[PDB]
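>>> got the complex split up, this is the first portion:
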Amino acid sequence: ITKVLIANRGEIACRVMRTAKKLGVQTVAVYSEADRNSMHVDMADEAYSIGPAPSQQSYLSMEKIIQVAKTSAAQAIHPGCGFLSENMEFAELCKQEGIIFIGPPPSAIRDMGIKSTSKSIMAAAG
């Protein structure tokens, strides 16, 4: 991973980018209309806008984040926490598009959605 897109904002976006800079990895972020002058916009090497301030139009969007990853030539996407971090369809979309999803594979995410499914899988393991 030479360039990572961080599909998140604020404290978590800055925490990851500081590590990336330390390692030598380029960072791209997104900022909606709402975070145009937030902390992670200036810390990033490049960032793209998406749309209206509510999260439904900016950070929870599946297509907009991929579109940013493709045009910036990002090799991996880090969802951080709270937006797409538990979105199994997004992890599957990244795989099909060819982008590294930083997180568990879709097969490990989907089976954890139902509490009774993970209870039985783990109980059978001791």
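Cool, the structure landed. Numbering: from 1, shown residues only, chains lettered A, B, ... in the order given.

>>> Apart from its chain neighbours, what residue comes closest to the spatially most central residue of chain A?
Chain A has residue A:79 as the residue nearest its centroid, 1.9 Å off, counting by C-alpha atoms, centre = their mean. Distances taken as C-beta to C-beta, 6 or more residues apart in numbering place residue A:85 nearest to residue A:79, at 4.3 Å, with adjacent residues excluded. Using the backbone N, CA and C atoms, a C-beta is placed for each residue, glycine as well.

>>> just residue A:33 next, same as before
Nearest to residue A:33 is residue A:53, by C-beta to C-beta, 6+ apart, at 5.4 Å.

>>> Test my guess that that neighbour contacts residue A:38.
No: using C-beta atoms under 8 Å, residue A:53 is not in contact with residue A:38; the gap is 11.8 Å.

>>> Compare neighbour counts for the two and give me the winner.
Comparing residue A:53 with residue A:38 by other C-beta atoms under 10 Å, the one with more neighbours is residue A:38, at 17 against 11.

>>> Check the gap between the more buried one and residue A:11 for me.
Residue A:38 sits 11 Å away from residue A:11, going by C-beta to C-beta, to the nearest Å.

>>> Kindly report the same for residue A:21.
16 Å.

>>> again, but for residue A:31
14 Å.

>>> Please apply the same query to residue A:19.
For residue A:19, the distance to residue A:11 equals 13 Å [C-beta to C-beta].

>>> now swap in residue A:68 and tell me
For residue A:68 relative to residue A:11 (C-beta to C-beta), the value is 20 Å.

>>> Neighbour count for those two, which is higher?
More neighbours surround residue A:68 than the other of residue A:68 and residue A:11, with 22 against 12 (other C-beta under 10 Å).

>>> can you slot in chain B too:
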Amino acid sequence: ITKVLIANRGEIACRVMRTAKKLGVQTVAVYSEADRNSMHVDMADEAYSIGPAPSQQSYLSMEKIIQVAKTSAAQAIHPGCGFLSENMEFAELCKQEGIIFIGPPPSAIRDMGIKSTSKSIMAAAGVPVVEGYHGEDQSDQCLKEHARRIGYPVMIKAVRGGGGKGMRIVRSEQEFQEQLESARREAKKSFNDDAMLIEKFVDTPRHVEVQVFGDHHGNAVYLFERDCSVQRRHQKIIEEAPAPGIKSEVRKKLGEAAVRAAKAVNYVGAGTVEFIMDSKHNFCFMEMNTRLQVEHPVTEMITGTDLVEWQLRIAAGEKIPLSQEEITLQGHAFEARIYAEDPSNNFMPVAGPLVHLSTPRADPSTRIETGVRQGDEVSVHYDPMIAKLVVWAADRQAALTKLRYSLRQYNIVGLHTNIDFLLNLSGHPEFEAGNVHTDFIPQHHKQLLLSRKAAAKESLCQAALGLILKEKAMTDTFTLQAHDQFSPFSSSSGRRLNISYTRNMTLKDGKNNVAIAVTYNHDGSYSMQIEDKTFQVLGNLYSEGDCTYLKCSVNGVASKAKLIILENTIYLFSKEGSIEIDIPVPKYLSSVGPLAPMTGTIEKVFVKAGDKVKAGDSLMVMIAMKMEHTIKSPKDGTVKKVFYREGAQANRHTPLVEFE
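Placing chain B onto the earlier chains gives this:
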């Protein structure tokens, strides 16, 4: 050693002095007339001049360096690299004078001058040298026996001579009929000698260098070997510290073999034993270096040692502070050497001023060693190197990413360098995979020197914005000196009454001109139309230390690049490359036939038709009431007619010569 004289300049002089200051040792340096304002003069506690700029009169002199050591009361001399570092007579002179030579004793230097002498001394100790034969007894029948003894692959070269002709290659046993044909067809017409020597392989060799450090008490340790295979014109360009591509057993074997070699020649100090390998780890000794080398900081990153401190301690009579079982191996380190040179003509060195110098961010894992400050010039009398960038990371791939990431932050403006070559050399699919051998660069040479590419329209928007904001800066610093402060007109807003203002500027991208129409918007944004496409361009300037950065937002895409504007050229340094956009120069700033000054007679004509003069040339001399007037040429070209021959009377404002 309480005071050391360093008989060297530049990067190596500063590297040693920083350690000395850390230890508490006073440093003296020498600077010739050439380095009066170089980096190591100010870092030193005291420094002396010697003489004329060429090295023969300053750093290679034996007596001048001793004279400096005596008057400064230095206790030891460190030769560094390249001048007296291999001068055995100087080491003997120091001993006789009473000054500590920091390096091996003369007895260890002299026996290493002759390659056959060190080969025998080390071979007798169990060192795997390149064997072969150096005898003339290798005729056709003997050659068959010699090839069987060393193995069927053979490269045959003359005892005397070369040039790339007359050589014979054996890649199998049943090729001696071809060897006999070639020996008669061409080989003996150019060499004019029957005697030729044999070696084993020439197929993708690698140079692997393992360090040896010994002391005056009989101890020796080894530090982990480097891969030094990547070179062009027999000059090392980059270097890999942990020598990737080998196993831990190879590292142990090279450690023991190099210590046996260093003891065989009774070597003391920090030296290096150079091995050559094939693809199957058959290492053979070729040569040994007897000085503390400039390559060492790339290894220190992965061993965790300080070899300059170690060398000073054993020179004072101490033991090796850290044993061979305490030397670790963590991560990978790379060096990239930045030279003042122009690769477009197959690297000829260039010399000139450095107008801007910026280094990558400091970090314990990013070691920056420079010998040139901003405002300093590159000379022609000494090595054209500017800087060495050394990085460390947890593994090989992380270090290659960090090396390229930080290298693109290194900005030189004022002369041509090899930075773009280093970036294409590291960022090459085969180099990252690990396909490294001594012919890598000539094998892929055409893929490393790439032509200039056209700028994107977004990059032209950034250049136009930087220029506009620089003009604003000039306006702002004029206002700060004005009495009429806070007033309007000072804001470079382009606010016309009831209408908008569009500025039409032209930028030159390489060879081609591009017109950019910049509309000033009421909210401070710009709308820049380049050819047909409109960009919404916002941004400003900010400072970090002594560097100016341009902050851009173009169509919602934020970016940041360093903005340097030097005379006509706009430099944009970003994390994706470096783009140079030129500002065109108008005719009336770049323009800088003739008439008679009074009514006089002409003494001497100079030129006729068919001649050519260049500007500021004597065309005519005329005397007018006893005042000799020499006409000159503001114009240029070739004369078509001279209207007045010598001795004729010319009048006021009468045309003298003509250009067709």
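
>>> got the contact list for the residue nearest to the centre of chain A?
Counting by C-beta atoms under 8 Å, 6 or more residues apart in numbering or on different chains, residue A:79 touches A:7-8, A:85, A:87, A:90, A:101-103.

>>> The residues you listed into a markdown table, with extra columns for distance to chain B and neighbour count?
Formatted as a markdown table, the contacts of residue A:79 follow (distance: C-beta to the nearest C-beta, whole Å; neighbours: other C-beta atoms under 10 Å in any protein chain shown):
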| residue | distance to chain B | neighbour count |
| --- | --- | --- |
| A:7 | 16 | 29 |
| A:8 | 16 | 24 |
| A:85 | 24 | 16 |
| A:87 | 24 | 19 |
| A:90 | 22 | 25 |
| A:101 | 20 | 21 |
| A:102 | 16 | 17 |
| A:103 | 21 | 20 |
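
>>> taking these one by one, which sit in helices?
Secondary structure assignment by DSSP state H places residue A:90 of the contacts of residue A:79 in helices.

>>> Kindly indicate which of the contacts of residue A:79 lies nearest residue A:49.
residue A:7 (13.4 Å; C-beta to C-beta).

>>> neighbours of residue A:91, just the number please.
For residue A:91, the neighbour count with other C-beta atoms under 10 Å in any protein chain shown is 23.

>>> was I right about it contacting residue A:103?
Yes: applying C-beta under 8 Å as the test, residue A:91 and residue A:103 come out as touching, 6.5 Å apart.

>>> joint contacts of the two?
Shared contacts of residue A:91 and residue A:103, counting by C-beta under 8 Å, 6+ apart, come down to residue A:109.

>>> Kindly report the residues of chain A close to chain B.
Residues of chain A found near chain B (C-beta under 8 Å from any C-beta of the partner chain) are A:2, A:22-26, A:31, A:41, A:44-49.
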